[PDB]
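There are 6 protein chains.
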Amino acid sequence: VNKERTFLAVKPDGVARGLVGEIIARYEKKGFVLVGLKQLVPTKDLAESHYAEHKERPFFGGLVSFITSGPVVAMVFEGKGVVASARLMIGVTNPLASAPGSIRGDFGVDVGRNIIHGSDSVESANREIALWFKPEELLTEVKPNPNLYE
Amino acid sequence: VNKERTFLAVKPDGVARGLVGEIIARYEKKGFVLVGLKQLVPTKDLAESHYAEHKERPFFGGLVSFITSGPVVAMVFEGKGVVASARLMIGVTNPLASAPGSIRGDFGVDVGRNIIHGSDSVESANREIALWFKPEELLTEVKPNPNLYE
Amino acid sequence: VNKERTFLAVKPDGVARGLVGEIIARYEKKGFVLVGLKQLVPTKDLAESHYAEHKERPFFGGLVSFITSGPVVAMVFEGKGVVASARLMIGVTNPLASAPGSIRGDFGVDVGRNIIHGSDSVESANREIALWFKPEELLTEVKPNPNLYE
Amino acid sequence: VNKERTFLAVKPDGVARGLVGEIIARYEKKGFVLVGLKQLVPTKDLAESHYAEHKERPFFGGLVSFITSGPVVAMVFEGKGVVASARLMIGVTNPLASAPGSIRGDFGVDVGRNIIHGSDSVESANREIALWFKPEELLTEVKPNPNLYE
Amino acid sequence: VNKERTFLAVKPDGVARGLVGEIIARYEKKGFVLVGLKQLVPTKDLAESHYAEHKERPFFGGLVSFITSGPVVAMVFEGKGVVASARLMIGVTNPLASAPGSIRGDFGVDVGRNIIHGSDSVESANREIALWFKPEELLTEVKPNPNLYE
Amino acid sequence: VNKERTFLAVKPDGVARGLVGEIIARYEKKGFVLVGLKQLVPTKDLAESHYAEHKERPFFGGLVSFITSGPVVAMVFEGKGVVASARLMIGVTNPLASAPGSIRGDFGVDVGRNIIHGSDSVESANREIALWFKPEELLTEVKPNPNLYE
Ligand SMILES: O=c1ccn([C@H]2C[C@H](F)[C@@H](COP(=O)(O)OP(=O)(O)O)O2)c(=O)[nH]1
Numbered sequence: 006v007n008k009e010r011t012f013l014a015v016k017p018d019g020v021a022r023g024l025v026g027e028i029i030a031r032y033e034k035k036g037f038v039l040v041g042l043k044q045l046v047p048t049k050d051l052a053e054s055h056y057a058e059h060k061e062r063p064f065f066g067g068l069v070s071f072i073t074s075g076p077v078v079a080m081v082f083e084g085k086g087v088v089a090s091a092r093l094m095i096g097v098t099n100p101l102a103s104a105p106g107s108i109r110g111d112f113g114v115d116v117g118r119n120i121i122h123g124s125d126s127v128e129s130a131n132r133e134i135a136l137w138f139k140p141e142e143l144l145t146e147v148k149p150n151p152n153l154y155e
Numbered sequence: 006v007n008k009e010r011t012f013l014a015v016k017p018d019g020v021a022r023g024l025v026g027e028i029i030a031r032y033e034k035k036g037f038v039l040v041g042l043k044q045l046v047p048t049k050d051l052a053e054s055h056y057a058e059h060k061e062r063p064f065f066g067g068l069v070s071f072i073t074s075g076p077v078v079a080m081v082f083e084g085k086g087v088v089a090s091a092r093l094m095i096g097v098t099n100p101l102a103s104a105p106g107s108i109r110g111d112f113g114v115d116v117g118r119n120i121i122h123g124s125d126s127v128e129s130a131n132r133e134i135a136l137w138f139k140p141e142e143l144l145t146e147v148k149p150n151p152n153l154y155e
Numbered sequence: 006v007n008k009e010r011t012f013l014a015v016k017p018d019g020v021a022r023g024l025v026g027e028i029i030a031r032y033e034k035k036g037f038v039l040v041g042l043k044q045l046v047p048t049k050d051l052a053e054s055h056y057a058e059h060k061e062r063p064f065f066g067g068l069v070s071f072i073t074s075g076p077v078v079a080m081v082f083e084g085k086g087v088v089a090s091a092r093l094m095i096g097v098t099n100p101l102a103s104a105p106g107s108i109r110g111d112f113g114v115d116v117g118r119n120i121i122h123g124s125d126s127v128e129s130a131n132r133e134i135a136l137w138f139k140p141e142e143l144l145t146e147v148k149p150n151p152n153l154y155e
Numbered sequence: 006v007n008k009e010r011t012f013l014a015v016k017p018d019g020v021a022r023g024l025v026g027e028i029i030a031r032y033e034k035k036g037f038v039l040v041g042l043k044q045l046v047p048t049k050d051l052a053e054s055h056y057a058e059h060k061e062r063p064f065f066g067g068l069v070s071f072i073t074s075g076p077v078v079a080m081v082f083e084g085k086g087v088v089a090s091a092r093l094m095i096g097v098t099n100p101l102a103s104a105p106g107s108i109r110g111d112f113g114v115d116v117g118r119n120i121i122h123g124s125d126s127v128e129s130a131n132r133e134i135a136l137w138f139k140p141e142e143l144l145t146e147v148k149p150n151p152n153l154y155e
Numbered sequence: 006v007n008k009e010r011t012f013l014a015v016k017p018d019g020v021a022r023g024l025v026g027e028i029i030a031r032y033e034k035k036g037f038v039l040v041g042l043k044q045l046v047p048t049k050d051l052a053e054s055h056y057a058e059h060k061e062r063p064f065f066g067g068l069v070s071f072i073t074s075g076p077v078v079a080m081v082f083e084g085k086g087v088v089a090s091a092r093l094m095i096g097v098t099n100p101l102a103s104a105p106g107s108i109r110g111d112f113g114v115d116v117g118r119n120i121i122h123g124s125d126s127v128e129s130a131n132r133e134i135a136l137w138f139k140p141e142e143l144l145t146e147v148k149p150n151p152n153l154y155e
Numbered sequence: 006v007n008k009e010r011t012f013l014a015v016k017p018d019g020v021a022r023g024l025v026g027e028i029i030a031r032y033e034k035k036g037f038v039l040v041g042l043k044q045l046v047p048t049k050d051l052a053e054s055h056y057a058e059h060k061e062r063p064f065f066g067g068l069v070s071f072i073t074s075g076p077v078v079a080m081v082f083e084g085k086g087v088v089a090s091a092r093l094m095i096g097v098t099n100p101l102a103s104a105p106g107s108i109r110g111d112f113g114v115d116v117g118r119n120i121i122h123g124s125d126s127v128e129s130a131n132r133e134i135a136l137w138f139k140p141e142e143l144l145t146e147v148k149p150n151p152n153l154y155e
């Protein structure tokens, strides 16, 4: 189904570096539809719930602090296999090991300052989208370019 | 002062044509700070109160019908002389008469489908910003790149 | 009417400099439809007919000699006010005096090597299109993006 | 030898999405020479002869029907190892699995709407070129930039 | 003559903002040849000799101070009418009044942080070139692309 | 450490092809700092020292004769893991086998005309930096964008 959605979030460093439009453009060019978009300064309760799976890890504390250190541009894109395509486009955890052409591969140098977040699966996508967006904030009537899908 | 703000809105045709990120990128490159950003399908009352100055004009009906025909990406940029600079970058009412280099000049061909809206003065900017954004949605602590301002 | 057409031609120097795709992309982003496209090495008869209005000027000789010195990418774009918009986008006769943003303004430095040709009026557009293109080579059913025209 | 040629074709979806110039630009930047270029609406005979190898497969029908559904920009590029490089730049059959940086990787989302066609070998290139282009439409004297070849 | 040269200098703000490559690329696309290039932290004596004309002006102190506050990428471009073309491409003194498409028009917002310096005339170019560059640092054998000049 | 440095050099072909600005921009976008920059026409001994390891190889003759055949834009970038990241961005020895997204992958076609040089290790970087740059020509103080490093 082409009604698959994922959660993307340009982090404080990506926003502070003027990468918001560049990132949105990459997804628009690919053919994914922006189902939701907004800028906010994450709160602790949200950063913590968002990174729940790492609550046990050492870095968790630093993850929750930086994400709430400034504005974030949260967004939702819809399309066929968007969760895996979104991540392929982002690159890998370490921006230095990310191939040229990917977001992190082109603009990132540190793992702590890795510009953007992308859901790693449909299960997490759905959880994260419900965490950052209210239903009233997501488009229902989507309908994509007919030159994209058969 | 560099704490001046303006209201920009990528209209249904700009959004539907995948111009959102391209437009945001132009403002970020310039040095202006994104103080608010969100996507929504305008409601008739908002379309009408926004286009108030034209309620007596023939085309008003089509303005309100179109802007509410699909999602709009509303946004607020802050910076020195941003209202006038924003409009200079947008181009003129008729995209066919807009010089290359400007948004409408590069992507527009019809006056009714002219991609974006920009406040025409600080008085209107202030009015519109309050019409589309709630105070909680606008960043307070702005702070731009020190290499932009003396 | 939006069924207006103009004749553009990337000249030997524009082609030899790898500017073909860059120029086509500029027009496509604008909203104009490619109704005809082909690469060929102009014959004297066609060069002369094309530059008829300059047959009595000193430079005519050099014009006819150069346009036939290599391959030319002839093309026809359709859209509202395309003839004047195409020219506005090209720039002026002398690339050095052409504004940044325009084709000649960005890539040209000499008037003899001014990269591209564009019809100067609908009258000449129609004459030139018939000179370079056979009716069978031009699209009849054009129909552009609905987000371009009201 | 650097006189190797390949057949590329931006399909109806690539054309209708305004990607013609973008794709041509990528090949010109690389250093390949455009030996033939033209736009046309393929006929059934040409669509079928082209996809001959697939005549017995299920999808054939949809392949022929789509490629003839609208205008195609056929083109031939010449250069060292152009057939393999052209394919490397196109990406893989499934645009979702295509790496960022490649044509399909950047703009494609469905395999039925995968933007461009490229010959898979020198044997097929030679066949297809003769299928789409008449000898008079192809450049004889090519000669590429001396800063490209040793 | 096409052996005209001009002196451009990306100031500390332009360099600190990652604009060096972007600026060099605009000039290379145009067709001008890079006759000299280097990065350095200007010394007072040089900054002062450079801005000699403004020695009596109020802002003089601030000019010499800023230009020496960080690295500058000094460069010399050669080409027909390069002194006037360079400035046309830079924009005007106040970046907010500079038209989209120009360097200052696209990236600058403050007159004190106006990104780049360009000679204002052939007399000044020759003076500044000799101030920043030693003869051994400038190319003798220039020879530009033949597709540029007639 | 983030004080790692590598030596990059746009060779005569990259320079002659107007690729200098394009290449530097890729590194600046990434987040690496330009610690040294200059254009020169390599002298025979510099070329030879530089390519010591290839001395006994059949092609050392043309390697030296080429690097010294025209101007080279030598430069030093600083940042975390810059030597390995720089290489990854350049692509592989044969540009035809280099992935789209990489410098060689996007612009190169021949191995003898492979646009750019990058150090292959920290040991070589340090050797080459000292070979091409005098200590006075390199910056001491770095100050990397704080949104790059944690
Ligand atoms: O057969 C050959 C192989 C490489 N080369 C040149 C290109 C390059 F600058 C130099 C060093 O090659 P190598 O170290 O293998 O590749 P790279 O590190 O990518 O430059 O050899 C040739 O001229 N001929």
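Protein chains in written order, with the authors' numbering: chain E, 6 to 155; chain B, 6 to 155; chain C, 6 to 155; chain F, 6 to 155; chain D, 6 to 155; chain A, 6 to 155. Ideal Cβ positions, reconstructed from N, Cα and C, are used throughout, including at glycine.
query	result
Any non-hydrogen atom of ligand 1 closer than 7 Å to A:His-122 Cβ	yes
Residue from C:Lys-85, C:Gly-84, C:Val-116, C:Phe-65 with nearest C-alpha to C:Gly-19	C:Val-116
Rounded Cβ spacing between D:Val-69 and D:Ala-52 (contact assumed at less than 8 Å)	4 Å
With 16 other Cβ atoms within 10 Å as the buried cut-off, status of A:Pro-47	buried
Secondary structure of D:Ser-74, DSSP reduced to three states	coil
Straight-line gap, residue 165 of chain B to A:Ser-90 (C-alpha atoms, nearest Å)	Because chain B in this structure spans residues 6 to 155, residue 165 of chain B falls outside the shown range and cannot be described.
Contact the segment 95 to 110 of chain B vs the segment 144 to 154 of chain E: 3+ CB pairs below 8 Å	no
Segment contact flag, the segment 16 to 36 of chain B with the segment 69 to 88 of chain B, C-beta cutoff 8 Å, min 3 pairs	yes
Contact check, B:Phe-82 vs B:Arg-31, beta carbons under 8 Å	no
Secondary structure of D:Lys-43, DSSP reduced to three states	strand
Check whether B:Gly-26 and E:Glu-33 have beta carbons under 8 Å apart	yes
is_contact[A:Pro-140, chain D] using C-beta, thresh 8 Å	no
Whole beta strand (DSSP E) elements within the segment 45 to 128 of chain C, 3-residue minimum	77 to 83, 121 to 123
Alpha-carbon spacing of E:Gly-86 relative to B:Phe-65, whole angstroms	41 Å
Continuous alpha helix (DSSP H) stretch holding residue 181 of chain F: start and end	Residue coverage of chain F in this structure runs from 6 to 155, which leaves residue 181 of chain F outside it and unanswerable.
Listed by chain order, chain F residues near A:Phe-112 by CB distance under 8 Å	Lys-34, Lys-35, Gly-36
Burial state of F:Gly-67 (16 or more Cβ within 10 Å)	exposed
Start-to-end residues for the alpha helix (DSSP H) that takes in B:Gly-26	25 to 35
Check: A:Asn-119 C-beta below 7 Å from any heavy atom of ligand 1	yes
Residue 4 of chain E classed as buried or exposed, judged by whether at least 16 other C-beta atoms fall within 10 angstroms	Residue 4 of chain E lies beyond the range of chain E shown here (6 to 155); nothing can be said about it.
beta-carbon A:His-59 near ligand 1 non-hydrogen atom, thresh 7 Å	yes
Short CB-CB distance (under 8 Å) between C:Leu-39 and chain B	no
B:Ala-135: contacting residues in chain E (beta-carbon distance under 7 Å)	The premise fails here: B:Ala-135 is roughly 17 Å from chain E at the closest Cβ pair, so nothing lies under 7 Å.
Selected residue, minimal CA-CA separation from F:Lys-35, among A:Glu-128, A:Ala-130, A:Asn-99, A:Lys-139	A:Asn-99
Chain-order list of residues whose beta-carbon lies under 8 Å from that of A:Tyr-56 (same chain, five-residue window excluded)	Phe-65, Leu-68, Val-69, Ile-72
Cα-Cα separation, B:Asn-7 to B:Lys-148	10 Å
Beta-carbon spacing of A:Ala-130, A:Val-97 below 8 Å	no
Near ligand 3: A:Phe-112 beta-carbon under 7 Å from a heavy atom	Because ligand 3 does not appear in the structure shown, any question about it cannot be addressed here, the ligands present being ligand 1.
Simplified DSSP state of E:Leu-143, which is helix, strand or coil	coil
Within 8 Å, strictly: CB atoms of D:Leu-13 and D:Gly-84	no
Sub-8 Å separation of D:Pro-105 and B:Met-94 beta-carbons	yes
Beta-carbon spacing of B:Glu-142, B:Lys-43 below 8 Å	yes
Contact list for C:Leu-93 against chain B, beta-carbon separation under 9 Å	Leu-101, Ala-102, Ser-103, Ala-104, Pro-105, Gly-110
Residue environment, E:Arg-118, which counts as buried when at least 16 other CB atoms sit within 10 Å	buried
Chain E residues whose Cβ lies nearer than 8 Å to that of A:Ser-90	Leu-101, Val-114
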